[PDB]
Amino acid sequence: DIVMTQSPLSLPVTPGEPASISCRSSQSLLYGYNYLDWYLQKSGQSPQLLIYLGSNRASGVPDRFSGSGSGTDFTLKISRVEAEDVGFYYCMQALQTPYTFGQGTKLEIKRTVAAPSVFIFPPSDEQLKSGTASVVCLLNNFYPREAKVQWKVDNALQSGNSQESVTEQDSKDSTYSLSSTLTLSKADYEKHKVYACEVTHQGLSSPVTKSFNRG
Amino acid sequence: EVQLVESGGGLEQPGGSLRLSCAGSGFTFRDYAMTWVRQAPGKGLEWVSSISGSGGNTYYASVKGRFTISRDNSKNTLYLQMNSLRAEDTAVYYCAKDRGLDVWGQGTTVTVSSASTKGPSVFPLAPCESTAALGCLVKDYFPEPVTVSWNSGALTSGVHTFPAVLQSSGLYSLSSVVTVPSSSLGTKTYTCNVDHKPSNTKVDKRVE
(Lines give C-alpha, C1' and ligand atoms only; values in the text may rest on other atoms or scores of the structure.)
Protein backbone atom coordinates (compact mmCIF):
# COMPACT_ATOMS: atom_id res chain seq x y z
CA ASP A 1 0.00 0.00 0.00
CA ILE A 2 0.90 3.70 -0.21
CA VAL A 3 2.15 4.89 3.19
CA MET A 4 0.93 8.38 4.19
CA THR A 5 3.26 10.15 6.62
CA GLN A 6 1.74 13.11 8.36
CA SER A 7 3.31 15.67 10.68
CA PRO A 8 3.15 17.11 13.15
CA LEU A 9 1.09 14.67 15.24
CA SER A 10 -0.03 17.46 17.63
CA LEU A 11 -0.62 21.10 16.74
CA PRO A 12 -1.14 23.65 19.59
CA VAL A 13 -2.34 26.98 18.15
CA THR A 14 -3.79 30.23 19.50
CA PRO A 15 -6.76 31.50 17.43
CA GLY A 16 -5.77 34.01 14.75
CA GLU A 17 -2.38 32.43 14.14
CA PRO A 18 -1.83 30.23 11.01
CA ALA A 19 -1.34 26.47 11.06
CA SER A 20 0.26 24.08 8.56
CA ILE A 21 0.16 20.27 8.36
CA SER A 22 2.28 18.25 5.99
CA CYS A 23 1.56 14.93 4.37
CA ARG A 24 4.22 12.86 2.65
CA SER A 25 3.35 9.85 0.53
CA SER A 26 5.66 6.90 -0.22
CA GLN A 27 4.65 7.05 -3.91
CA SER A 28 3.73 9.95 -6.23
CA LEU A 29 0.02 10.79 -6.24
CA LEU A 30 0.24 12.97 -9.37
CA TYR A 31 -1.79 10.74 -11.72
CA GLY A 32 -2.33 18.56 -12.66
CA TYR A 33 -4.20 15.77 -10.82
CA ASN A 34 -2.85 14.90 -7.38
CA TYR A 35 -5.12 12.31 -5.74
CA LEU A 36 -4.75 13.60 -2.15
CA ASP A 37 -7.63 14.74 0.09
CA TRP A 38 -7.77 16.48 3.48
CA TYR A 39 -10.41 15.49 6.09
CA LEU A 40 -11.32 17.01 9.48
CA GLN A 41 -13.12 15.09 12.24
CA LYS A 42 -14.48 17.04 15.22
CA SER A 43 -15.25 15.20 18.49
CA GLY A 44 -18.33 13.05 18.19
CA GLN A 45 -18.81 13.72 14.45
CA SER A 46 -18.17 12.01 11.15
CA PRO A 47 -15.12 12.99 9.07
CA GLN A 48 -15.83 15.84 6.64
CA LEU A 49 -14.03 16.75 3.37
CA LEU A 50 -11.85 19.83 3.54
CA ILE A 51 -9.82 19.60 0.31
CA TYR A 52 -9.90 17.10 -2.63
CA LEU A 53 -7.48 16.47 -5.52
CA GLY A 54 -4.64 18.37 -3.78
CA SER A 55 -6.01 21.91 -3.74
CA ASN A 56 -9.76 22.01 -4.37
CA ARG A 57 -11.91 23.12 -1.39
CA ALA A 58 -15.13 21.19 -0.57
CA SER A 59 -18.46 23.03 -0.99
CA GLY A 60 -18.74 25.12 2.16
CA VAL A 61 -15.12 25.19 3.23
CA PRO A 62 -13.88 28.79 3.58
CA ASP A 63 -11.02 30.80 2.00
CA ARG A 64 -8.73 30.47 4.99
CA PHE A 65 -8.20 26.75 4.36
CA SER A 66 -6.05 25.78 1.38
CA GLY A 67 -4.34 22.70 0.01
CA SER A 68 -1.15 22.80 -2.10
CA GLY A 69 1.51 20.35 -3.29
CA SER A 70 2.33 17.78 -5.98
CA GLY A 71 3.96 14.38 -6.31
CA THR A 72 4.70 13.08 -2.80
CA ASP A 73 4.57 16.27 -0.74
CA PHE A 74 1.45 18.07 0.40
CA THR A 75 0.46 20.85 2.78
CA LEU A 76 -2.86 21.83 4.36
CA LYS A 77 -2.75 25.43 5.50
CA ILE A 78 -5.17 27.32 7.66
CA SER A 79 -4.28 31.02 7.40
CA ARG A 80 -6.16 32.04 10.54
CA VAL A 81 -7.30 29.42 13.01
CA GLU A 82 -10.60 29.63 14.94
CA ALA A 83 -11.70 27.93 18.15
CA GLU A 84 -14.21 25.81 16.13
CA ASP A 85 -11.31 24.37 14.12
CA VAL A 86 -10.43 22.05 17.01
CA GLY A 87 -10.29 18.41 15.93
CA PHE A 88 -8.22 15.85 14.01
CA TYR A 89 -7.05 16.39 10.44
CA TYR A 90 -6.20 13.51 8.14
CA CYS A 91 -4.65 13.32 4.74
CA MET A 92 -5.77 10.57 2.35
CA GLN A 93 -4.66 9.13 -1.01
CA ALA A 94 -7.43 8.10 -3.41
CA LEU A 95 -4.98 7.24 -6.22
CA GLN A 96 -5.37 3.48 -5.68
CA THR A 97 -7.27 0.95 -3.56
CA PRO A 98 -6.58 0.57 -0.62
CA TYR A 99 -7.26 4.22 0.19
CA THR A 100 -4.81 5.04 2.96
CA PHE A 101 -4.87 7.85 5.54
CA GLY A 102 -2.21 9.75 7.54
CA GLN A 103 -1.82 9.07 11.30
CA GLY A 104 -3.86 12.22 11.87
CA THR A 105 -2.92 15.56 13.42
CA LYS A 106 -4.59 16.77 16.60
CA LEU A 107 -5.12 20.49 16.43
CA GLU A 108 -5.34 21.85 19.99
CA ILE A 109 -6.34 25.39 20.82
CA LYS A 110 -4.33 27.53 23.22
CA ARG A 111 -6.23 29.98 25.44
CA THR A 112 -5.90 31.70 28.80
CA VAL A 113 -5.89 29.85 32.12
CA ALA A 114 -9.40 29.10 33.43
CA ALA A 115 -10.04 27.63 36.91
CA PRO A 116 -12.61 24.73 36.97
CA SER A 117 -15.89 25.18 38.76
CA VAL A 118 -16.13 22.07 40.98
CA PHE A 119 -19.20 20.11 42.14
CA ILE A 120 -19.63 16.90 44.18
CA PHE A 121 -22.64 14.54 43.77
CA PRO A 122 -23.76 11.95 46.39
CA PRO A 123 -24.94 8.50 45.29
CA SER A 124 -28.70 8.33 44.71
CA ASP A 125 -30.99 6.45 47.08
CA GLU A 126 -32.01 4.56 43.94
CA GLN A 127 -28.42 3.38 43.52
CA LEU A 128 -27.84 2.67 47.24
CA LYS A 129 -30.73 0.23 47.16
CA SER A 130 -28.95 -2.13 44.75
CA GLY A 131 -25.81 -2.29 46.94
CA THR A 132 -23.36 0.23 45.38
CA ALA A 133 -22.41 3.90 45.83
CA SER A 134 -20.92 6.00 43.05
CA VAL A 135 -19.76 9.41 44.21
CA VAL A 136 -19.08 11.86 41.44
CA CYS A 137 -16.89 14.95 41.17
CA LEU A 138 -17.12 17.36 38.22
CA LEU A 139 -14.52 19.91 37.15
CA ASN A 140 -16.29 22.18 34.74
CA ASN A 141 -14.73 24.29 31.92
CA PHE A 142 -11.04 24.51 32.83
CA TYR A 143 -7.79 25.22 30.97
CA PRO A 144 -5.12 23.73 30.75
CA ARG A 145 -6.04 20.08 30.76
CA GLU A 146 -3.71 18.90 33.53
CA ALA A 147 -5.67 18.66 36.77
CA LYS A 148 -5.47 16.59 39.96
CA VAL A 149 -8.50 15.13 41.67
CA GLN A 150 -7.98 13.70 45.18
CA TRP A 151 -10.85 11.78 46.79
CA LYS A 152 -11.07 11.73 50.56
CA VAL A 153 -13.31 9.67 52.83
CA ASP A 154 -13.37 10.66 56.49
CA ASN A 155 -10.05 12.42 55.58
CA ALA A 156 -8.46 9.22 54.30
CA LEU A 157 -6.87 9.62 50.86
CA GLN A 158 -8.32 7.17 48.38
CA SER A 159 -6.46 5.61 45.49
CA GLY A 160 -7.17 2.80 43.10
CA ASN A 161 -10.99 3.06 43.53
CA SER A 162 -11.82 5.99 41.19
CA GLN A 163 -11.99 6.57 37.45
CA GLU A 164 -11.80 9.86 35.55
CA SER A 165 -12.92 10.86 32.04
CA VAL A 166 -12.13 14.20 30.30
CA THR A 167 -14.10 15.86 27.57
CA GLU A 168 -12.51 16.86 24.29
CA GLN A 169 -11.59 20.50 23.99
CA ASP A 170 -14.74 22.58 23.64
CA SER A 171 -15.22 24.17 20.29
CA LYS A 172 -16.75 27.40 21.73
CA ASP A 173 -14.55 28.32 24.72
CA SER A 174 -11.63 25.86 24.24
CA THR A 175 -11.91 24.44 27.79
CA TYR A 176 -11.97 20.87 29.12
CA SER A 177 -14.23 19.27 31.65
CA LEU A 178 -13.54 16.23 33.81
CA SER A 179 -15.62 13.77 35.72
CA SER A 180 -14.22 11.48 38.41
CA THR A 181 -16.30 8.66 39.96
CA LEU A 182 -15.39 7.09 43.32
CA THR A 183 -16.97 3.59 43.53
CA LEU A 184 -17.65 2.00 46.96
CA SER A 185 -19.87 -0.77 48.20
CA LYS A 186 -22.99 0.40 50.02
CA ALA A 187 -21.52 -1.25 53.13
CA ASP A 188 -18.39 0.92 52.91
CA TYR A 189 -20.47 4.00 52.01
CA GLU A 190 -22.46 3.50 55.24
CA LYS A 191 -19.32 3.18 57.39
CA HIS A 192 -18.13 6.67 56.64
CA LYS A 193 -19.54 10.20 56.97
CA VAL A 194 -17.47 12.84 55.12
CA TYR A 195 -16.96 12.61 51.34
CA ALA A 196 -14.58 15.11 49.70
CA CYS A 197 -13.15 15.86 46.28
CA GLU A 198 -10.04 18.00 46.37
CA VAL A 199 -8.97 19.69 43.11
CA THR A 200 -5.58 21.10 42.16
CA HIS A 201 -5.24 23.23 39.05
CA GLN A 202 -3.02 26.01 37.71
CA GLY A 203 -5.96 28.45 37.72
CA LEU A 204 -6.61 27.89 41.45
CA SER A 205 -4.41 29.73 43.99
CA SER A 206 -4.88 26.84 46.45
CA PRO A 207 -6.74 23.46 45.99
CA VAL A 208 -10.53 23.64 46.12
CA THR A 209 -12.44 21.04 48.18
CA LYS A 210 -16.12 20.18 47.76
CA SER A 211 -17.71 17.78 50.29
CA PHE A 212 -20.89 16.33 51.74
CA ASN A 213 -21.83 14.25 54.79
CA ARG A 214 -23.66 10.94 54.29
CA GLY A 215 -26.29 12.23 56.74
CA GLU B 1 -29.61 17.99 0.80
CA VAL B 2 -27.29 15.03 0.23
CA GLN B 3 -27.58 12.57 3.11
CA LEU B 4 -26.31 9.11 4.08
CA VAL B 5 -28.06 7.32 6.95
CA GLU B 6 -26.49 4.15 8.33
CA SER B 7 -27.86 1.35 10.51
CA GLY B 8 -27.34 -2.32 11.25
CA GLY B 9 -24.42 -2.03 13.62
CA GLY B 10 -24.41 -3.84 16.96
CA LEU B 11 -22.78 -6.59 18.99
CA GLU B 12 -21.81 -10.08 17.89
CA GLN B 13 -19.46 -12.80 19.21
CA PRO B 14 -16.27 -13.54 17.15
CA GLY B 15 -17.06 -15.79 14.16
CA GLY B 16 -20.53 -14.22 14.05
CA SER B 17 -21.91 -11.97 11.31
CA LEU B 18 -23.57 -8.52 11.05
CA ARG B 19 -25.23 -6.57 8.23
CA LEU B 20 -24.68 -2.80 7.79
CA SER B 21 -26.96 -0.65 5.58
CA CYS B 22 -26.41 2.90 4.31
CA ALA B 23 -29.36 4.76 2.70
CA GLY B 24 -28.74 7.71 0.37
CA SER B 25 -31.02 10.67 -0.31
CA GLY B 26 -30.91 13.83 -2.41
CA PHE B 27 -28.64 12.65 -5.23
CA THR B 28 -28.68 9.98 -7.95
CA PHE B 29 -27.45 7.04 -5.91
CA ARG B 30 -26.69 4.94 -9.03
CA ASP B 31 -24.28 7.56 -10.45
CA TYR B 32 -21.71 7.21 -7.68
CA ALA B 33 -19.08 4.80 -6.38
CA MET B 34 -19.68 4.23 -2.60
CA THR B 35 -17.15 3.48 0.13
CA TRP B 36 -16.93 2.04 3.69
CA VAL B 37 -14.36 3.53 6.13
CA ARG B 38 -13.92 2.34 9.75
CA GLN B 39 -12.43 3.84 12.90
CA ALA B 40 -11.44 1.59 15.76
CA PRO B 41 -11.93 2.87 19.37
CA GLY B 42 -9.40 5.71 19.80
CA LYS B 43 -7.61 4.97 16.45
CA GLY B 44 -7.45 6.79 13.07
CA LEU B 45 -9.35 6.09 9.81
CA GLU B 46 -8.98 2.92 7.74
CA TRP B 47 -10.43 2.11 4.34
CA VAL B 48 -12.49 -1.15 4.30
CA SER B 49 -14.14 -1.44 0.86
CA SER B 50 -15.54 0.21 -2.28
CA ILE B 51 -18.18 -0.60 -4.89
CA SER B 52 -18.72 1.04 -8.30
CA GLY B 53 -21.93 2.83 -9.35
CA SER B 54 -23.31 -0.28 -11.08
CA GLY B 55 -22.01 -2.69 -8.44
CA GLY B 56 -19.95 -4.23 -11.30
CA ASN B 57 -16.60 -3.69 -9.49
CA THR B 58 -15.68 -4.32 -5.80
CA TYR B 59 -12.49 -3.63 -3.76
CA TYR B 60 -11.45 -4.82 -0.24
CA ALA B 61 -8.68 -4.21 2.34
CA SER B 62 -7.76 -7.95 6.27
CA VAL B 63 -11.45 -8.26 5.25
CA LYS B 64 -10.80 -10.12 1.97
CA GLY B 65 -12.97 -13.24 2.27
CA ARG B 66 -15.03 -12.24 5.34
CA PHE B 67 -16.81 -9.04 4.11
CA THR B 68 -18.99 -8.52 1.00
CA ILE B 69 -19.88 -5.03 -0.27
CA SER B 70 -23.12 -4.79 -2.25
CA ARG B 71 -25.68 -2.16 -3.28
CA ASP B 72 -29.38 -2.17 -4.22
CA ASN B 73 -29.88 0.91 -6.39
CA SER B 74 -33.64 0.33 -6.29
CA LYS B 75 -33.65 1.40 -2.62
CA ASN B 76 -30.62 3.72 -2.83
CA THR B 77 -28.94 1.51 -0.21
CA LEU B 78 -25.33 0.36 0.33
CA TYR B 79 -24.47 -2.84 2.28
CA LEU B 80 -21.60 -4.42 4.16
CA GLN B 81 -22.14 -8.11 4.89
CA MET B 82 -19.70 -8.87 7.65
CA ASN B 83 -19.04 -12.58 8.34
CA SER B 84 -16.38 -14.37 10.39
CA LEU B 85 -16.21 -11.29 12.65
CA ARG B 86 -13.00 -10.73 14.63
CA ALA B 87 -12.01 -8.52 17.57
CA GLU B 88 -10.08 -6.19 15.25
CA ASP B 89 -13.39 -5.62 13.37
CA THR B 90 -14.62 -3.56 16.39
CA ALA B 91 -15.13 -0.01 15.12
CA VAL B 92 -17.43 2.77 13.96
CA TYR B 93 -18.15 2.16 10.26
CA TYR B 94 -18.94 5.12 8.00
CA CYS B 95 -20.53 5.10 4.54
CA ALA B 96 -19.12 7.76 2.10
CA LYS B 97 -20.08 9.09 -1.37
CA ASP B 98 -17.20 8.48 -3.77
CA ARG B 99 -16.46 8.84 -7.57
CA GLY B 100 -13.27 13.41 -2.68
CA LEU B 101 -15.41 11.51 -0.19
CA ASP B 102 -17.75 14.47 -0.19
CA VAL B 103 -20.66 13.25 2.09
CA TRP B 104 -20.30 10.79 5.03
CA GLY B 105 -22.93 8.91 7.04
CA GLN B 106 -23.26 9.43 10.80
CA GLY B 107 -21.60 6.11 11.51
CA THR B 108 -22.86 2.85 13.07
CA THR B 109 -21.00 0.99 15.77
CA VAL B 110 -19.86 -2.60 15.52
CA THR B 111 -18.55 -4.46 18.59
CA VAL B 112 -17.15 -7.99 18.46
CA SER B 113 -16.86 -9.55 21.87
CA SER B 114 -17.46 -12.57 24.09
CA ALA B 115 -19.60 -10.30 26.28
CA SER B 116 -23.43 -9.95 26.10
CA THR B 117 -25.70 -6.91 25.74
CA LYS B 118 -26.66 -5.14 28.99
CA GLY B 119 -28.85 -2.04 29.26
CA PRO B 120 -27.76 0.79 31.62
CA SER B 121 -29.09 1.86 35.02
CA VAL B 122 -29.64 5.65 35.04
CA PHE B 123 -29.18 7.48 38.37
CA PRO B 124 -29.65 11.22 39.12
CA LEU B 125 -26.72 13.43 40.01
CA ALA B 126 -27.89 16.26 42.30
CA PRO B 127 -26.40 18.49 45.08
CA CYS B 128 -26.48 16.94 48.55
CA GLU B 129 -23.76 29.73 44.50
CA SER B 130 -24.76 31.43 41.22
CA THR B 131 -24.37 28.34 39.01
CA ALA B 132 -25.54 24.83 39.92
CA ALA B 133 -24.81 21.43 38.32
CA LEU B 134 -27.01 18.37 37.82
CA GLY B 135 -26.52 15.23 35.81
CA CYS B 136 -27.34 11.66 35.11
CA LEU B 137 -25.04 8.74 35.76
CA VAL B 138 -25.50 6.05 33.13
CA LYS B 139 -24.09 2.92 34.75
CA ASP B 140 -23.22 -0.67 33.74
CA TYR B 141 -24.03 -1.12 30.08
CA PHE B 142 -22.58 -2.98 27.14
CA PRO B 143 -21.68 -2.39 24.40
CA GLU B 144 -21.12 1.24 23.33
CA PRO B 145 -22.62 3.63 22.41
CA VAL B 146 -25.18 5.44 24.50
CA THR B 147 -26.81 8.73 23.49
CA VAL B 148 -27.68 11.43 26.07
CA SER B 149 -29.65 14.67 25.38
CA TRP B 150 -31.22 17.09 27.87
CA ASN B 151 -34.87 18.35 27.84
CA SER B 152 -35.48 16.33 24.65
CA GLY B 153 -32.69 18.34 22.90
CA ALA B 154 -33.86 21.83 24.01
CA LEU B 155 -30.92 22.18 26.47
CA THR B 156 -27.49 22.11 24.78
CA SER B 157 -25.61 24.99 26.47
CA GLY B 158 -23.30 23.87 29.34
CA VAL B 159 -23.99 20.17 28.75
CA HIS B 160 -21.04 17.80 28.95
CA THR B 161 -21.47 14.10 28.19
CA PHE B 162 -18.24 12.49 29.21
CA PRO B 163 -16.44 9.62 27.41
CA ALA B 164 -17.51 6.32 28.95
CA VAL B 165 -14.98 4.48 31.10
CA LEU B 166 -14.64 0.72 31.12
CA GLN B 167 -15.11 -0.53 34.67
CA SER B 168 -13.11 -3.52 35.94
CA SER B 169 -16.37 -5.57 35.56
CA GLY B 170 -16.12 -5.07 31.75
CA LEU B 171 -19.24 -2.78 31.67
CA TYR B 172 -19.19 0.90 30.75
CA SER B 173 -20.25 3.82 32.89
CA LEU B 174 -20.65 7.43 31.93
CA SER B 175 -21.99 10.66 33.35
CA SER B 176 -23.78 13.52 31.55
CA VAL B 177 -24.00 16.86 33.38
CA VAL B 178 -25.27 20.36 32.69
CA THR B 179 -24.59 23.55 34.61
CA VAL B 180 -27.59 25.92 34.97
CA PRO B 181 -28.49 29.19 36.84
CA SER B 182 -29.12 28.45 40.52
CA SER B 183 -32.04 30.89 40.61
CA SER B 184 -34.00 28.73 38.12
CA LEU B 185 -33.55 25.52 40.21
CA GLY B 186 -37.01 25.77 41.85
CA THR B 187 -39.04 26.42 38.71
CA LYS B 188 -37.33 24.77 35.70
CA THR B 189 -37.29 21.04 34.74
CA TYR B 190 -34.06 19.21 33.85
CA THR B 191 -34.51 15.76 32.26
CA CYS B 192 -31.82 13.55 30.75
CA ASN B 193 -32.85 11.42 27.78
CA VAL B 194 -30.77 8.30 27.63
CA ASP B 195 -30.80 5.80 24.74
CA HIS B 196 -28.88 2.47 24.48
CA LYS B 197 -30.07 1.00 21.18
CA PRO B 198 -28.28 -2.42 21.58
CA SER B 199 -30.47 -3.20 24.59
CA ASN B 200 -33.54 -1.18 23.36
CA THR B 201 -33.31 0.81 26.64
CA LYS B 202 -34.63 4.36 26.69
CA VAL B 203 -35.09 6.39 29.91
CA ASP B 204 -36.27 9.95 30.58
CA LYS B 205 -35.23 10.96 34.10
CA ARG B 206 -36.23 14.29 35.57
CA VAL B 207 -33.40 15.11 37.98
CA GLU B 208 -34.51 17.10 41.10
Side-chain angles (χ1 to χ4, degrees), chain A residues 1-9 11 13 17-23 25-42 46-82 85 87-95 97-107, chain B residues 2 4 24 26-29 31-37 44-54 56-61 94-105:
Chain A
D1 333 326
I2 304 178
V3 192
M4 303 304 306
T5 309
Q6 183 176 339
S7 51
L9 294 161
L11 189 40
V13 185
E17 304 310 82
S20 299
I21 308 166
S22 353
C23 185
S25 65
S26 66
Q27 209 170 301
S28 165
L29 320 169
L30 184 65
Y31 177 51
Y33 274 81
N34 284 284
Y35 274 91
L36 181 134
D37 307 332
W38 288 101
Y39 298 95
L40 158 66
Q41 179 178 41
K42 302 188 171 169
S46 309
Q48 65 196 89
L49 192 52
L50 246 24
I51 293 282
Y52 64 98
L53 274 158
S55 62
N56 298 277
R57 277 186 270 289
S59 46
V61 177
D63 234 331
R64 57 196 185 85
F65 291 86
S66 63
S68 70
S70 177
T72 71
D73 176 34
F74 298 85
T75 309
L76 174 75
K77 306 187 177 66
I78 308 175
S79 59
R80 153 205 80 81
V81 163
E82 293 187 348
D85 291 348
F88 283 80
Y89 289 85
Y90 296 95
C91 65
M92 185 202 89
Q93 81 64 27
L95 190 73
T97 274
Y99 295 174
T100 52
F101 293 87
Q103 295 91 303
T105 298
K106 178 182 213 174
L107 202 139
Chain B
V2 191
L4 269 354
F27 67 119
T28 312
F29 188 66
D31 291 355
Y32 297 87
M34 292 293 167
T35 296
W36 287 103
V37 168
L45 294 181
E46 171 194 53
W47 183 75
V48 177
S49 69
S50 299
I51 185 161
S52 67
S54 61
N57 280 276
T58 59
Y59 317 81
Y60 295 109
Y94 301 96
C95 193
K97 186 167 106 32
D98 185 327
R99 255 141 265 243
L101 300 183
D102 66 322
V103 189
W104 288 64

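Here is how names work: the chains are called A, B, and so on, in the same order as the sequence lines, proteins then strands, and each is numbered from 1. Atom set for the values below is all heavy atoms of this structure, side chains included, hydrogens, waters and symmetry mates excluded.
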*Going through the checks in order, is the side chain to side chain contact (heavy atoms under 4.5 Å, CB included) test met by A:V13 and A:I78?*
CA-CA 11 Å; A:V13 185; A:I78 308 175; over 6 Å; no

*With distance as the sole test, does A:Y39 use its side chain to make a donor-acceptor pair with the main-chain N or O of B:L101 at under 3.5 Å?*
yes

*Parallel, tilted or perpendicular: ring planes of B:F27 versus B:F29, cut at 30 and 60 degrees*: perpendicular

*asked:* When you compare the side chain of B:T35 with that of B:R99, does any pair of heavy atoms fall below 4.5 Å?
replied: no

*Kindly give the heavy-atom pair with the smallest separation between B:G100 and A:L49, and that separation in Å.*
CA-CD2, 4.1 Å

*Looking at OG1 of A:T105 and CG of A:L9, how far apart are the two atoms once the value is rounded to the nearest 0.5 Å?*
6.5 Å

*Do A:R80 and A:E17 have side chains that get closer than 4.5 Å, going by heavy atoms?*
no

*Heavy atoms only: give me the nearest B:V2-B:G26 pair and the separation to one decimal.*
CG2-O, 3.9 Å

_Contact check, side chains of B:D102 and A:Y52, non-hydrogen atoms, under 4.5 Å_ = no

*Look only at the side chain of B:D31 and the backbone of B:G53, and say whether a donor-acceptor pair between them is shorter than 3.5 Å.*
no

*Quick one: CG on A:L50 to SG on A:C91, what's the gap to the nearest 0.5 Å?*
12.0 Å

*For A:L36 and A:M4, run side chain to side chain contact (heavy atoms under 4.5 Å, CB included): C-alpha distance rounded to whole Å, both residues' side-chain angles, the deciding distance at 0.1 Å, then the answer.*
CA-CA 10 Å; A:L36 181 134; A:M4 303 304 306; 3.7 Å; yes

*Short question: side chain of A:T100, backbone of A:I2 - any donor-acceptor pair under 3.5 Å?*
yes

*asked:* In terms of relative ring orientation, are A:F101 and A:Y90 parallel, tilted or perpendicular, with 30° and 60° separating the classes?
replied: perpendicular

*asked:* Tell me if a side-chain donor or acceptor on A:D37 pairs with a main-chain N or O of A:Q93 at a distance below 3.5 Å.
replied: no

*asked:* Testing the basics here: between A:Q6 and A:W38, what is the closest heavy-atom pair and its distance to 0.1 Å?
replied: NE2-CZ3, 4.3 Å

*From OG (A:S25) to CG (A:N34), nearest 0.5 Å*: 8.5 Å

*At their closest point, which heavy atom of A:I51 faces which heavy atom of A:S66, and how far apart are they?*
CD1-C, 3.9 Å

*Begin with the C-alpha distance, continue with both residues' side-chain angles, and end with the deciding distance and a verdict on side chain to side chain contact (heavy atoms under 4.5 Å, CB included) for A:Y33 and A:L53.*
CA-CA 6 Å; A:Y33 274 81; A:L53 274 158; 3.7 Å; yes

*Write down the atom of A:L95, the atom of A:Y35, and the distance for their closest heavy-atom approach.*
N-CB, 3.5 Å

_Using side chain to side chain contact (heavy atoms under 4.5 Å, CB included), reason through A:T97 and B:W47 one step at a time and then give a plain yes or no._
CA-CA 9 Å; A:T97 274; B:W47 183 75; 3.6 Å; yes

_Distance, nearest 0.5 Å, that separates CE of B:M34 from NZ of B:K97_ = 6.5 Å

_Could you check whether any side-chain heavy atom of A:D85 comes within less than 4.5 Å of a side-chain heavy atom of A:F65, counting everything from C-beta outward?_
yes

*asked:* Looking at every non-hydrogen atom in both residues, tell me the closest pair between A:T75 and A:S20 and how far apart they are.
replied: CG2-CB, 4.3 Å

*Does the side chain of A:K77 come within less than 4.5 Å of A:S68's, by heavy atoms?*
yes

*Measure the acute angle between the ring planes of B:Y94 and B:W104, then classify it against the limits of 30° and 60° as parallel, tilted or perpendicular.*
perpendicular

_Student check: side-chain heavy atoms of A:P47 and B:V37 closer than 4.5 Å_ = no

